[PDB]
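Report on the structure given below.
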Amino acid sequence: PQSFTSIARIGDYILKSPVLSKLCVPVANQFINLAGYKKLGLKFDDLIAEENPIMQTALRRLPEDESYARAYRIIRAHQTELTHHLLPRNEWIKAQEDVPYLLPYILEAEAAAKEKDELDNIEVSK
Amino acid sequence: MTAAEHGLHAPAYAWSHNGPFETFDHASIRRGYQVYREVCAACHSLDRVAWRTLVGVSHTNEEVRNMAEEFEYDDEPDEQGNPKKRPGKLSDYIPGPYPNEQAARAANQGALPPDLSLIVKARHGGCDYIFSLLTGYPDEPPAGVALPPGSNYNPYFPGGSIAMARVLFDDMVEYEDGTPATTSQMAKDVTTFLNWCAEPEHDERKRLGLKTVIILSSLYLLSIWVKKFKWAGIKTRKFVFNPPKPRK
Amino acid sequence: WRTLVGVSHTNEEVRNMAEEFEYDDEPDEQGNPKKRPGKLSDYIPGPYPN
Amino acid sequence: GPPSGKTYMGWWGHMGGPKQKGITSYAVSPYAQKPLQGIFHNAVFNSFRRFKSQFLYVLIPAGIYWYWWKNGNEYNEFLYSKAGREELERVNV
Amino acid sequence: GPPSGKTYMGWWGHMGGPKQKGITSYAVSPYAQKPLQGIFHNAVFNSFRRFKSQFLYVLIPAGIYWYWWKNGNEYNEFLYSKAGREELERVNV
Amino acid sequence: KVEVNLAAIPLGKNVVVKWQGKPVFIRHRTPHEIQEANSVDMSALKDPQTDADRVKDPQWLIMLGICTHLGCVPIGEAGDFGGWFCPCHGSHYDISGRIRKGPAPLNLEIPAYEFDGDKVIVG
Amino acid sequence: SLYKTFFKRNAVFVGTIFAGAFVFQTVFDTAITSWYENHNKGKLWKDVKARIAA
Amino acid sequence: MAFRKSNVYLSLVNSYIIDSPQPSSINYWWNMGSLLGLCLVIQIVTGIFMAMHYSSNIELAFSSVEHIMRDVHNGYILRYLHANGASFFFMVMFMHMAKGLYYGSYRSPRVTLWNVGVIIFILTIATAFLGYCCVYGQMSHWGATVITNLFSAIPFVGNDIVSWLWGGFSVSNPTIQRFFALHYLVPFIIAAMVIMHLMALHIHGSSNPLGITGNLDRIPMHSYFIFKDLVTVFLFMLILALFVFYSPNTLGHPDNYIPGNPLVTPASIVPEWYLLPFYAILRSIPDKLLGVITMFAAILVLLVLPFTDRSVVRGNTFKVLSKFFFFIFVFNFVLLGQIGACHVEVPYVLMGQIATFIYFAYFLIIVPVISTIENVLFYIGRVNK
Amino acid sequence: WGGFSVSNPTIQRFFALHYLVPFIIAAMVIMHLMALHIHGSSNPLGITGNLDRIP
Ligand SMILES: CCCCCCCCCCC(=O)OC[C@H](COP(=O)(O)OC[C@H](O)COP(=O)(O)OC[C@@H](COC(=O)CC)OC(=O)CCC)OC(=O)CCCCCCCC
Ligand SMILES: CCCCCCCCCCCCCCCCCC(=O)OC[C@H](COP(=O)(O)OCCN)OC(=O)CCCCCCCCCCCCC
Ligand code: HEM
Ligand code: HEM
Ligand code: HEM
Ligand code: HEM
Ligand SMILES: COc1c(O)c(C)c(C/C=C(\C)CC/C=C(\C)CC/C=C(\C)CC/C=C(\C)CC/C=C(\C)CCC=C(C)C)c(O)c1OC
Ligand SMILES: CCCCCCCCCCCCCCC(=O)OCCCOP(=O)(O)OC[C@@H](O)COP(=O)(O)OCCCOC(C)=O
Ligand SMILES: CCCCCCCCCCCCCCCCCC(=O)O[C@H](COC(=O)CCCCCC)COP(=O)(O)OCCN
Ligand SMILES: Cc1cccc(-n2nnn(C)c2=O)c1COc1cnn(-c2ccc(Cl)cc2)c1
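Residue numbers (PDB author numbering), protein chains in the order written: chain G, 2 to 127; chain D, 62 to 309; chain O, 112 to 161; chain H, 2 to 94; chain S, 2 to 94; chain P, 93 to 215; chain I, 5 to 58; chain C, 1 to 385; chain N, 166 to 220.
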């Protein structure tokens, strides 16, 4: 995996650019609705793999109202596939509700892990 | 490679043993041994076929005992250690014309005629290739080809030139049932007989294939019904969410 | 024959010993039997055929 | 023996997910539901729906590889004919 | 997986014996003790002491089975000699 | 190893002997007539090899039959002189063993046949 | 009757699917052989042995 | 507790096929691993009953397979179920590996489970090659000549592996006798690697087609997936029975019904259908030492796959560009098998060379570039700025 | 026998069974050591040994 610090370093440079966001953002909105995760009642941060110690740290620090709602969306998405159906269009995720709710907990767990690791490998002399 | 170096493609005739429910024609196996004994056994062997396997398939017991007795087999030695011969019995194998391989090439201008016990299953085409090989010699070669001395043209052989000449002609055997022995009629019966020599289990195999497929299809249909009954409670399970009151 | 060389005889002696026996060869161009003298890879013969 | 290194799965009772609160579920026995209900409106209509979603990710890579094979095949039959006898030379060596 | 049925042994820390209290132990490193001290006062005497305890439970069952074999053997050599030619009859059948 | 004496191979008989599990080509020929076949020049062919290590015994013929790709097998006594017709995937050859047909990159191997006591051991 | 007299008891439930496994075995084996030797009538050895009765 | 949970032996059966927690949304692609356990049992059982009648001497080997076909009571059923079962064993294993390449099963924490699977795939190729040389047909002799001659190109040790593999100077009687003894043995090494395979599975469990955590909805193995495993077993045995009883020589070659001859070469040497994609990788490299390296590198490049996937989502369910290039790789593997069954002619030497380039560029170039492109496309299509 | 006496079918099937039973023995040895691990060994004293153990 790449890192979320590296993704946002590249992804912010595209958005503070007048000619780059002209080209790439119409392509990126077509990539989202051709993925089809909103039709299963899912945001994007539900799809992130969680078997690593940075991602296990960010799930403990979540508030427990957002932690209970995420566990119901995942259970609803497993029952939807074994019936091989989609949800009704009343219950799809709209484009305003797909927020990065887990990105701020992730980005500060990574900046603390980088700072701890570059203080264990030190070459201070006299 | 060119189509002259691959050989012509044999067509698809309609053999009576094609299909999943068909049997060999045992009157065309019986007439096929008559063309082997009179035209074919002069140069080719049948080394994988025993005498006893013909009883109940194309001849009776007293006929195969009479057929095997006109050949000489080597016996265990006498009380002085000298060789000894004996007539044939049912457990023996059908003999071939040559004692060794050098004597076979010496009578066929260097070429070696193969063994015909497995020739159906060892050729691309099967029954269609051995039939079309025999009834496919032209009366004259095509214009422009140059044959070696002592060769014959046949377009079903890869390369065009073969060391076997045409051996089937009209009315060269006389059948016992009274069937007219034409060129295509006798060529049909050797290929039905020679396919039995490669596959003697053919009629037994398709009868046990009937019992296995009927049993396994009624087991496959019942497992689809049984699975959907035991999986009914999971597919109809429901889920409601009410958000909890927030000071836990 | 070859197993005696270096144990009880030399190489020129075992080649001379094995040559006074007749072994059966592969047939000629007509398919007739043929004989040959012995070599080192052969086995020591016995007196009776059967 | 001793306990080993920890994993990301447990057993019944301590499977190792987040805590749940406020979800209800209902079900009815299989002995009360009608035999073979979901045999229509599903492969005649539902697998006909699932095919139509995921087919264009299969048929466009398939069409490129079948155009490449059929076009490369008919140039081999041309090179081993009488009309393609001179072009077999100056190409192979 | 799940925990299984309980046994009569554990592991390091919970081996499963009675609780201990009031026993002390001492030891010295092998690098401080003299090389091959217990090679005499060991098998020249110790094992000469351990043999003398447990030998009469071996040699009395051995002497009965070797008397039975040697006495049964010499009656077979007598029956197959010239002096034992008449007693081979009236015994075997 | 197979021993050949100076008594038992006459002039024109190309027998394919199965020596060491491998085919071989064995006959005696005149020492004059290979002046007819390879009188072209030195290096009109792929590799520069005409006559030098062709036969260290200049009045005999010995050649292996293992090819570079597969180990294909020819017919004997057929050709311009009665040499090589090897219709497998490619080349025919000559009296020597170099090509008249086909690409055929590398040369077929000459085995090590020696001379002991008026006996000729092959291999 | 049925299931509690025919498919419940374990010497009936299992004692029919192992007892009926033999009576099914032979009548299925006999009826398959009668269909095969009637679909291929005229080509077997039994048919052409009665034709050489001369 | 119950007796099936307190016994030392019954608890292993209960913890693996009775009370094992499964994700409730897995589909019929997760049934290929149980069906491979049935394939190994059929191959071991039918091969032991055929080994009672077989002779491994080079002058008795071809005729003893004919003795099983003609003389042994129901001997034709044993051979046909054995020769056709090996093709069905390789077809399910190609579908088993392609599922885990699709749903992302080779990533953490299942890297060790993917590495033991690559070892099983090499031992299954070695097993099928050794047993095909035991019939000693005309395809058996020249397939063993071509393969064993490849090891004569290893630098500074070349004429010592090949003379140790032959037991002599060519493919002869010591080669056939030692190939049957090794053929009895490697199916028992495969069965011990299968036990170690299921141990690494039990500590983490299976994935799911959604690709997220499955610890929120689990059902047991017994009475729900045993009756779903039963559906594909009865479909397997019915299609296998259609080949053994109605078309038993369709997945074969007629030149194996000729006894092998070192002095006559066949006009066309072609392997079985499951070695044709790897045979075409070998003939594309004009060097001899570089050709044998590339054919073995086509299986060891599966071990670089946990490192080149730079995605943050597991699987291919919601990835548009990664679903397109998965089927470029699939049909390039069916084009590689068709090139390896053709002649070496000149439209086909360039088609088989470019298609070998697409094999290695998928793992090392196409995957790490398309992975990071979809990480940036998921980000700027969500973050409002 | 595969026939009427100890003959050629007897020797060919005895070697194929001889290759196989040493691999059944090795699987019974694995099951043997599993039953040992849950209780451990005894001692010449014949009493409990959970009071003095070394690795
Ligand atoms: C070599 C022979 C070995 C025999 C076994 C091989 C089987 C491997 C085939 C690949 C496979 O695993 O199929 C999975 C996938 C469909 O799986 P799914 O869970 O998404 O949908 C299940 C359904 O919705 C509910 O199926 P349901 O549970 O409701 O009914 C059971 C079904 C049984 O059918 C099967 O077993 C499917 C193999 O009964 C019927 O359909 C009645 C038919 C008369 O299939 C597909 O999506 C596309 C299939 C293409 C296969 C390509 C093979 C290339 C060689
Ligand atoms: C190096 C050695 C590695 C092994 C060999 C590599 C390739 C070997 C090829 C053999 C296998 C052929 C198919 C590949 C395996 C399929 C596994 C797979 O892709 O399964 C998941 C896929 C998704 O289908 P769903 O609609 O159920 O899921 C919704 C979206 N995820 O389900 C699907 O299958 C999609 C439906 C399309 C049918 C798939 C088969 C297409 C038929 C042509 C394939 C060519 C085979 C001859
Ligand atoms: C009914 C009679 C015969 C049948 C069905 C028959 C069938 C065959 C077959 C199938 C082949 C092999 C073709 C191949 O290799 O692809 C063959 C080859 C051959 N047959 Fe016959 N044959 C018959 C009679 C004869 C006779 C009477 C002779 C000689 C007098 C003969 C001489 C040969 C020779 C020399 C070959 C080798 C051809 C070659 O390799 O070029 N055959 N025959
Ligand atoms: C994973 C297991 C196995 C695989 C993939 C396998 C594969 C093969 C194959 C492909 C053949 C060639 C058959 C043909 O083309 O006609 C063969 C032959 C043979 N194998 Fe196996 N085999 C396996 C297990 C075994 C075992 C364990 C034995 C011995 C106990 C065995 C004994 C034989 C025998 C006797 C032959 C003889 C030739 C023949 O029957 O055709 N096999 N094997
Ligand atoms: C004789 C050979 C094999 C057997 C018996 C076998 C058996 C199994 C079984 C029973 C499962 C669990 C059920 C399932 O997930 O479908 C499984 C999963 C798996 N196998 Fe195999 N397998 C074999 C070969 C392979 C090979 C050749 C590979 C890869 C190169 C492989 C990689 C995997 C992986 C990664 C999984 C986990 C997939 C997941 O959980 O999503 N296995 N195998
Ligand atoms: C290939 C055959 C066998 C192997 C490899 C084997 C191996 C072992 C091993 C390693 C132990 C551990 C304690 C020790 O080393 O003494 C042990 C203990 C034991 N074995 Fe075996 N054994 C075999 C056969 C047998 C047989 C034939 C019997 C009895 C009929 C048996 C009964 C036992 C018992 C009762 C113990 C426990 C003894 C104790 O803990 O005091 N084993 N075995
Ligand atoms: C995902 O969930 C699953 C799952 O689906 C499955 C199927 C399994 C089970 C899978 C297996 C058990 C595969 C393992 C298979 C083996 C290890 C093969 C074992 C080897 C054999 C059975 C060969 C030995 C056979 C014999 C010795 C009998 C043949 C010989 C005979 C009959 C001798 C004949 C002679 C005479 C005189 C009769 C799981 O463990 C599991 O949980 C992970
Ligand atoms: C028709 C039914 C439905 C349709 C098809 C489905 C078929 C269902 C039947 C499947 C067959 C049952 C599977 C058998 C089983 O219990 O699986 C266990 C195998 C998995 O591995 P393991 O043995 O658990 O390893 C577990 C391990 O504990 C084994 O090793 P260990 O004992 O720890 O080592 C001890 C030896 C020490 O050796 C040394 C020296 O280190
Ligand atoms: C390398 C892989 C080897 C394969 C191992 C797979 C798992 C083992 C096979 C699974 C089936 C086991 C069937 C055994 C049935 C239960 C036995 C039992 O009741 O346990 C025993 C009795 O077993 C025996 O006497 C010998 C068993 C012979 C095994 C021959 C195969 C009863 O033991 P008990 O009830 O006291 O429970 C104490 C738990 N330690
Ligand atoms: C050449 C040929 C020609 C004719 C029949 C066969 N052949 N050999 N075994 N089988 C089953 C088969 O078809 C073959 C062998 O083809 C190939 C291709 N790759 N391999 C291969 C790959 C890896 C290993 Cl470790 C061993 C062998 C073997």
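Yeah, the Cβ is synthetic: ideal placement off N, Cα and C, and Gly gets one too.
{"Check": "Cβ neighbour criterion (16 or more within 10 Å) applied to residue 106 of chain D", "Outcome": "buried"}
{"Check": "Neighbour flag for residue 23 of chain H against chain G, beta carbons, 8 angstroms", "Outcome": "yes"}
{"Check": "Interface residues of the region 176–202 of chain C facing chain S [CB-CB below 9 angstroms]", "Outcome": "202"}
{"Check": "Neighbour flag for residue 17 of chain S against chain C, beta carbons, 8 angstroms", "Outcome": "no"}
{"Check": "Segments assigned alpha helix (DSSP H), at least 4 residues, entirely inside the region 304–336 of chain C", "Outcome": "305–308"}
{"Check": "Distance cut-off 7 angstroms: residue 258 of chain D Cβ against heavy atoms of ligand 3", "Outcome": "no"}
{"Check": "Exposure of residue 103 of chain P, with buried meaning 16 or more beta-carbon neighbours within 10 Å", "Outcome": "exposed"}
{"Check": "Own chain partners of residue 58 of chain G with C-beta closer than 6 angstroms, once the 5 adjacent residues on each side are dropped", "Outcome": "110"}
{"Check": "Range of the contiguous beta strand (DSSP E) that encloses residue 214 of chain P", "Outcome": "211–214"}
{"Check": "Residue 15 of chain C versus C/259, C/222, C/184, C/275, residue with shortest Cα-Cα distance", "Outcome": "C/222"}
{"Check": "Coil, strand or helix - residue 135 of chain O by DSSP", "Outcome": "strand"}
{"Check": "Any C-beta of chain N under 8 angstroms from that of residue 27 of chain S", "Outcome": "no"}
{"Check": "At least 3 beta-carbon pairs within less than 8 angstroms: the region 146–157 of chain P vs the region 201–213 of chain P", "Outcome": "yes"}
{"Check": "Three or more C-beta pairs below 8 angstroms linking the region 184–193 of chain N and the region 61–80 of chain C", "Outcome": "no"}
{"Check": "Three-state class that DSSP yields for residue 116 of chain P in the structure shown", "Outcome": "strand"}
{"Check": "Under 9 angstroms (Cβ pairs) to chain P, residues found in the region 254–265 of chain C", "Outcome": "262, 263, 264, 265"}
{"Check": "Proximal residues of chain N, C-beta to C-beta of residue 48 of chain C below 7 angstroms", "Outcome": "181, 185"}
{"Check": "Chain D contact for residue 96 of chain C (CB, 8 angstroms cutoff)", "Outcome": "no"}
{"Check": "Ligand 2 heavy atom lying under 7 angstroms from the CB of residue 39 of chain I", "Outcome": "no"}
{"Check": "8 angstroms Cβ cutoff, residue 305 of chain D in contact with chain H", "Outcome": "yes"}
{"Check": "At least three beta-carbon pairs within less than 8 angstroms, the region 253–262 of chain C to the region 314–326 of chain C", "Outcome": "no"}
{"Check": "Proximity winner among D/272, D/252, D/274, relative to residue 177 of chain D (alpha-carbon distances)", "Outcome": "D/252"}
{"Check": "Simplified DSSP assignment, three categories, for residue 155 of chain P", "Outcome": "strand"}
{"Check": "Test: residue 93 of chain H CB closer than 8 angstroms to a CB of chain G", "Outcome": "no"}
{"Check": "Contact set between the region 257–273 of chain D and chain I, restricted to residues whose Cβ is under 7 angstroms from the partner", "Outcome": "268, 271, 272"}
{"Check": "Cβ pair residue 247 of chain D, residue 228 of chain D closer than 8 angstroms", "Outcome": "no"}
{"Check": "Where residue 82 of chain C falls, given that 16 or more other Cβ within 10 Å makes a residue buried", "Outcome": "buried"}
{"Check": "Under 9 angstroms from the C-beta of residue 294 of chain D: neighbouring residues of chain H", "Outcome": "28, 29, 30, 31, 34"}
{"Check": "Straight-line gap, residue 123 of chain D to residue 71 of chain C (C-alpha atoms, nearest Å)", "Outcome": "23 angstroms"}
{"Check": "As assigned by DSSP and simplified to three states, the class of residue 120 of chain O", "Outcome": "strand"}
{"Check": "Length of the line joining the Cα atoms of residue 80 of chain D and residue 235 of chain C", "Outcome": "23 angstroms"}
{"Check": "Burial state of residue 54 of chain H (16 or more Cβ within 10 Å)", "Outcome": "exposed"}
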